[PDB]
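Trainee: Quick one: the structure is below, questions incoming.
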Amino acid sequence: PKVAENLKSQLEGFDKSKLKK
Amino acid sequence: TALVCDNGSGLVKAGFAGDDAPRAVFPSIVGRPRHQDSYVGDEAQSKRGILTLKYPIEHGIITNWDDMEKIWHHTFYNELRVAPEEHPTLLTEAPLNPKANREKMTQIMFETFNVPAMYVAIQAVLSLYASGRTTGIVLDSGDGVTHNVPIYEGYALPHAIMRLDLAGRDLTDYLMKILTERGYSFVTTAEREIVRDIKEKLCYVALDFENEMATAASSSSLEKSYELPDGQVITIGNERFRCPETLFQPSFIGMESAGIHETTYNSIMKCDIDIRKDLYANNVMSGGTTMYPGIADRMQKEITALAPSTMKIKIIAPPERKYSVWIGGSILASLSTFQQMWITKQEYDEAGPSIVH
Ligand SMILES: Nc1ncnc2c1ncn2[C@@H]1O[C@H](COP(=O)(O)OP(=O)(O)OP(=O)(O)O)[C@@H](O)[C@H]1O
Ligand SMILES: [Mg+2]
């Protein structure tokens with residue numbers, strides 16, 4: 001009941017621009 | 001480093017976490033010497049004459065473990081060039097995969113390759129996580145299977161999943177068939193590639209099928225030309241959309257399924273009435289077979305007409321939808337907050353393959 005919310009946040013907030021090429 | 005590996009009937013997209021694009025992309029096939037000593041991927045395709053070919057993943061579900069074991073060996077050592085003992089490995093499965101299949105994936109990953117740790121997720125979820133979302137219904141359409149997959153707050157709803165046993169492979173045959181019916185000769189597996197290249201470069205979803213039938217008949221404006229490696233010019237006109245329509249009207253190959261639009265509707269109406277609105281606005285698409293131009297347009301139209309007149313309907317068709325599965329798994333596996341989700345070897349040693357549940 002704690003693990004989800006932070007992962008949800010990183011997942012929805014993620015900028016794909018951050019991924020290497 | 002963490003590894004990401006997506007196991008399709010059609011293609012094994014592989015590479016490393018935090019990357020925006022898989023380094024290894026190859027057919028999902030084991031080859032063995034016909035007579036009288038084994039190859040994977042493009043090297044198994046190029047030597048299809050003296051090797052007995054096999055699709056260990058057909059239709060999304062791993063059917064043979066020695067073959068898929070050979071295909072995981074090859075992903076590590078040939079395509080990526082890694083020592084599997086030192087990398088967390090995120091593996092993707094199909095929707096509604098049997099428990100026994102999912103237990104065997106873990107058992108094999110810790111025991112043959114001795115990974116430091118692993119995790120399994122569901123493709124559709126991974127194409128959702130790629131588009132920025134944690135809620136919504138994903139149309140997943142690959143080479144050999146298709147799925148509708150509803151998702152609420154990060155998790156697929158198993159009781160509301162819908163499957164269409166027709167994907168890109170079936171549209172290639174149908175096309176092959178249709179050009180055959182028009183005088184052409186396409187038999188062998190190795191001629192198939194030509195037809196597939198016709199299908200991908202030239203095919204498209206008609207926004208309205210009968211208007212389009214009317215347009216192809218009254219004008220040359222839809223006629224296309226492609227030049228075989230032998231010299232002939234095949235002029236295709238209505239074949240361009242008649243092929244992909246099979247997604248919406250499958251009885252074009254003799255099936256009983258409703259099209260990807262009704263199954264999108266049903267898969268929404270087997271869900272909590274109060275989450276439905278969120279599905280309708282979050283209808284993301286993914287897979288090579290959703291690559292056709294005009295698909296998200298024709299989907300929009302079909303759902304609008306099925307869904308109450310005021311319902312906001314948004315269809316998302318990310319331009320890189322062909323790799324979203326992998327792209328989601330790349331993103332997932334590097335975030336800081338996921339790192340303690342990995343099944344470790346020691347959890348496995350103490351719990352068994354049943355821990356994967
Ligand atoms: N540009 C394109 N336009 C239309 N169809 C395409 C395109 N590129 C690939 N496809 C089709 O999609 C299929 C491969 O897609 P994808 O990599 O999503 O499948 P996959 O994950 O292997 O499918 P499965 O889940 O059955 O393994 C092939 O059948 C191919 O014909
Ligand atoms: Mg797939």
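Chains: A, B, ... in order of the structure tokens. Residues: from 1 per chain. Ligands: from 1, in order shown.
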Got a sec to pull out which chain B residues are within 9 Å of chain A, counting only C-alpha atoms, and send them as a list in words?
Mentor: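 So the residues of chain B near chain A are residues 17, 18, 19, 20, 21, 129, 130, 131, 132, 133, 134, 153, 154, 330, 331, 332, 335, 336, 337, 338 and 341 of chain B.
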Trainee: Once you count only C-alpha atoms and all ligand atoms, which residues end up within 8 Å of ligand 2, and could you hand them over as a ChimeraX atom specification?
Mentor: /B:6-11,60,94,123,140-143,287,325
Trainee: Between B:231, B:259, B:183, B:15, single out the one closest to residue 81 in chain B, counting only C-alpha atoms.
Mentor: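 Using only C-alpha atoms, the shortest distance to residue 81 in chain B belongs to B:15.
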Trainee: How would you write, as an mmCIF file with N, CA, C and O atoms, in the first residue's frame, the set of residues in range 137-192 of chain B that DSSP gives as strand (DSSP E)?
Mentor:
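Printed below is part35.cif as written:
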```
data_model
loop_
_atom_site.group_PDB
_atom_site.id
_atom_site.type_symbol
_atom_site.label_atom_id
_atom_site.label_comp_id
_atom_site.auth_asym_id
_atom_site.auth_seq_id
_atom_site.Cartn_x
_atom_site.Cartn_y
_atom_site.Cartn_z
ATOM 1 N N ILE B 137 -7.284 1.489 -21.684
ATOM 2 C CA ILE B 137 -7.366 0.241 -22.436
ATOM 3 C C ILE B 137 -6.433 0.255 -23.650
ATOM 4 O O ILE B 137 -6.517 1.174 -24.493
ATOM 5 N N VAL B 138 -5.547 -0.747 -23.720
ATOM 6 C CA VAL B 138 -4.516 -0.834 -24.742
ATOM 7 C C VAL B 138 -4.884 -1.842 -25.833
ATOM 8 O O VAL B 138 -5.324 -2.948 -25.525
ATOM 9 N N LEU B 139 -4.745 -1.452 -27.102
ATOM 10 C CA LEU B 139 -4.872 -2.400 -28.217
ATOM 11 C C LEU B 139 -3.478 -2.850 -28.579
ATOM 12 O O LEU B 139 -2.667 -2.050 -29.078
ATOM 13 N N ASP B 140 -3.210 -4.133 -28.349
ATOM 14 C CA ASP B 140 -1.918 -4.721 -28.583
ATOM 15 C C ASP B 140 -2.061 -5.666 -29.781
ATOM 16 O O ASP B 140 -2.866 -6.614 -29.760
ATOM 17 N N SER B 141 -1.303 -5.409 -30.845
ATOM 18 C CA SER B 141 -1.498 -6.153 -32.080
ATOM 19 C C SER B 141 -0.162 -6.466 -32.702
ATOM 20 O O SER B 141 0.498 -5.574 -33.282
ATOM 21 N N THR B 146 -3.464 -10.794 -31.000
ATOM 22 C CA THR B 146 -3.926 -9.438 -30.717
ATOM 23 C C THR B 146 -4.637 -9.455 -29.357
ATOM 24 O O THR B 146 -5.219 -10.471 -28.954
ATOM 25 N N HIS B 147 -4.557 -8.348 -28.632
ATOM 26 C CA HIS B 147 -5.268 -8.229 -27.382
ATOM 27 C C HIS B 147 -5.940 -6.889 -27.204
ATOM 28 O O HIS B 147 -5.448 -5.876 -27.689
ATOM 29 N N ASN B 148 -7.097 -6.909 -26.560
ATOM 30 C CA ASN B 148 -7.572 -5.763 -25.796
ATOM 31 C C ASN B 148 -7.140 -5.931 -24.333
ATOM 32 O O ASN B 148 -7.389 -6.975 -23.698
ATOM 33 N N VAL B 149 -6.525 -4.912 -23.764
ATOM 34 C CA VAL B 149 -6.181 -5.021 -22.321
ATOM 35 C C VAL B 149 -6.490 -3.807 -21.478
ATOM 36 O O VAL B 149 -5.776 -2.804 -21.537
ATOM 37 N N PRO B 150 -7.553 -3.898 -20.677
ATOM 38 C CA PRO B 150 -7.938 -2.784 -19.783
ATOM 39 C C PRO B 150 -6.980 -2.679 -18.605
ATOM 40 O O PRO B 150 -6.408 -3.687 -18.198
ATOM 41 N N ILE B 151 -6.762 -1.478 -18.095
ATOM 42 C CA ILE B 151 -5.797 -1.278 -17.009
ATOM 43 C C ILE B 151 -6.272 -0.135 -16.087
ATOM 44 O O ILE B 151 -6.668 0.935 -16.548
ATOM 45 N N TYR B 152 -6.262 -0.392 -14.791
ATOM 46 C CA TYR B 152 -6.611 0.620 -13.801
ATOM 47 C C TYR B 152 -5.443 0.745 -12.865
ATOM 48 O O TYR B 152 -4.896 -0.279 -12.435
ATOM 49 N N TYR B 155 -2.487 -1.792 -13.239
ATOM 50 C CA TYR B 155 -2.740 -3.232 -13.305
ATOM 51 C C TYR B 155 -3.797 -3.615 -14.300
ATOM 52 O O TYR B 155 -4.912 -3.041 -14.284
ATOM 53 N N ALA B 156 -3.457 -4.624 -15.114
ATOM 54 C CA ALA B 156 -4.367 -5.182 -16.113
ATOM 55 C C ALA B 156 -5.496 -5.897 -15.388
ATOM 56 O O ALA B 156 -5.293 -6.454 -14.309
ATOM 57 N N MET B 162 -9.591 -9.160 -23.711
ATOM 58 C CA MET B 162 -10.146 -9.779 -24.926
ATOM 59 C C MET B 162 -9.026 -10.093 -25.880
ATOM 60 O O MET B 162 -8.087 -9.305 -26.011
ATOM 61 N N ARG B 163 -9.141 -11.234 -26.556
ATOM 62 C CA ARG B 163 -8.110 -11.703 -27.440
ATOM 63 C C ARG B 163 -8.675 -11.897 -28.838
ATOM 64 O O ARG B 163 -9.773 -12.427 -29.012
ATOM 65 N N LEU B 164 -7.928 -11.456 -29.841
ATOM 66 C CA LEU B 164 -8.285 -11.745 -31.231
ATOM 67 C C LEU B 164 -7.183 -12.650 -31.830
ATOM 68 O O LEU B 164 -6.039 -12.236 -32.045
#
```
Trainee: Calculated over only C-alpha atoms, which of the candidates B:193, B:66, B:103, B:58 has the smallest distance to residue 145 in chain B?
Mentor: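 So, comparing all the options, the nearest one is B:58.
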Trainee: List the neighbours of residue 196 in chain B out to 12 Å using only C-alpha atoms; skip same-chain residues closer than 3 positions along the sequence, and give me the result as a VMD selection string.
Mentor: chain B and resid 143 168 to 176 186 189 to 193 199 to 203 243 288 to 289
Trainee: Could you write out the selected residues, including N, CA, C and O atoms, as a CSV table (one decimal), in the first residue's frame?
Mentor:
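Everything below was put into again33.csv:
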```csv
chain,number,residue,atom,x,y,z
B,143,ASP,N,2.4,-10.0,-34.3
B,143,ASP,CA,2.5,-10.8,-35.5
B,143,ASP,C,1.5,-11.9,-35.5
B,143,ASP,O,0.9,-12.2,-36.5
B,168,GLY,N,-0.7,-9.5,-37.6
B,168,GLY,CA,0.0,-9.2,-38.8
B,168,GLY,C,0.3,-10.4,-39.7
B,168,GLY,O,0.3,-10.2,-40.9
B,169,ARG,N,0.6,-11.5,-39.1
B,169,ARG,CA,0.8,-12.7,-39.9
B,169,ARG,C,-0.4,-13.1,-40.7
B,169,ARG,O,-0.2,-13.3,-41.9
B,170,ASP,N,-1.5,-13.1,-40.1
B,170,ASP,CA,-2.8,-13.4,-40.9
B,170,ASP,C,-3.1,-12.4,-42.0
B,170,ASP,O,-3.7,-12.7,-43.0
B,171,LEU,N,-2.7,-11.1,-41.9
B,171,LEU,CA,-3.0,-10.1,-42.9
B,171,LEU,C,-2.0,-10.3,-44.1
B,171,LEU,O,-2.3,-9.9,-45.2
B,172,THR,N,-0.8,-10.9,-43.8
B,172,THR,CA,0.1,-11.2,-44.9
B,172,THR,C,-0.4,-12.3,-45.8
B,172,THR,O,-0.4,-12.2,-47.0
B,173,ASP,N,-0.8,-13.4,-45.1
B,173,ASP,CA,-1.4,-14.5,-45.9
B,173,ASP,C,-2.5,-14.0,-46.8
B,173,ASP,O,-2.5,-14.2,-48.0
B,174,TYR,N,-3.5,-13.4,-46.2
B,174,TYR,CA,-4.7,-12.8,-46.9
B,174,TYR,C,-4.3,-12.0,-48.1
B,174,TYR,O,-5.0,-12.0,-49.1
B,175,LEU,N,-3.2,-11.2,-48.0
B,175,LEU,CA,-2.7,-10.4,-49.0
B,175,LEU,C,-2.1,-11.2,-50.1
B,175,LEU,O,-2.5,-11.2,-51.3
B,176,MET,N,-1.1,-12.0,-49.7
B,176,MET,CA,-0.5,-13.0,-50.5
B,176,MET,C,-1.6,-13.7,-51.3
B,176,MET,O,-1.5,-13.9,-52.5
B,186,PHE,N,2.9,-16.6,-55.3
B,186,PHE,CA,3.5,-16.4,-54.0
B,186,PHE,C,3.3,-17.7,-53.1
B,186,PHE,O,2.2,-17.8,-52.5
B,189,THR,N,7.9,-19.8,-48.3
B,189,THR,CA,8.1,-18.9,-47.1
B,189,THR,C,8.9,-17.7,-47.5
B,189,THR,O,8.7,-16.6,-47.0
B,190,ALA,N,9.9,-17.9,-48.4
B,190,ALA,CA,10.9,-16.9,-48.7
B,190,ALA,C,10.5,-15.8,-49.7
B,190,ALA,O,11.1,-14.8,-49.9
B,191,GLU,N,9.3,-16.1,-50.3
B,191,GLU,CA,8.6,-15.1,-51.1
B,191,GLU,C,7.7,-14.2,-50.3
B,191,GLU,O,7.5,-13.1,-50.6
B,192,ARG,N,7.3,-14.8,-49.2
B,192,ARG,CA,6.5,-14.1,-48.2
B,192,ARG,C,7.0,-12.7,-47.8
B,192,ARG,O,6.3,-11.8,-47.8
B,193,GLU,N,8.3,-12.7,-47.7
B,193,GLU,CA,9.0,-11.4,-47.3
B,193,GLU,C,8.6,-10.3,-48.3
B,193,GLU,O,8.3,-9.2,-47.8
B,199,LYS,N,2.8,-5.2,-47.8
B,199,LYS,CA,1.9,-4.9,-46.7
B,199,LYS,C,2.3,-3.7,-45.8
B,199,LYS,O,1.4,-2.9,-45.5
B,200,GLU,N,3.5,-3.6,-45.5
B,200,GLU,CA,3.9,-2.6,-44.6
B,200,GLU,C,4.1,-1.2,-45.3
B,200,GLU,O,3.8,-0.2,-44.7
B,201,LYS,N,4.6,-1.2,-46.5
B,201,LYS,CA,4.9,0.0,-47.2
B,201,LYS,C,3.7,0.6,-47.7
B,201,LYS,O,3.6,1.9,-47.8
B,202,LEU,N,2.7,-0.2,-48.1
B,202,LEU,CA,1.6,0.2,-49.0
B,202,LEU,C,0.2,0.1,-48.4
B,202,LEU,O,-0.7,0.8,-48.9
B,203,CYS,N,-0.1,-0.7,-47.5
B,203,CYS,CA,-1.4,-0.9,-46.9
B,203,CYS,C,-1.9,0.2,-45.9
B,203,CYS,O,-1.1,0.9,-45.4
B,243,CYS,N,-6.9,-5.6,-47.2
B,243,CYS,CA,-6.1,-6.4,-46.3
B,243,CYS,C,-6.3,-6.0,-44.8
B,243,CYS,O,-6.7,-6.9,-44.0
B,288,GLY,N,3.5,-3.6,-34.2
B,288,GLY,CA,3.7,-3.3,-35.6
B,288,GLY,C,2.5,-3.3,-36.4
B,288,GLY,O,2.3,-2.5,-37.3
B,289,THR,N,1.6,-4.3,-36.1
B,289,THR,CA,0.3,-4.4,-36.8
B,289,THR,C,-0.7,-3.3,-36.5
B,289,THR,O,-1.8,-3.3,-37.0
```
Trainee: What residues in range 63-273 of chain B get the DSSP label helix (DSSP H, G or I)? Please answer as a ChimeraX atom specification.
Mentor: /B:65-80,84-86,99-111,123-131,158-160,168-180,189-202,209-218,239-245,250-252,262-269
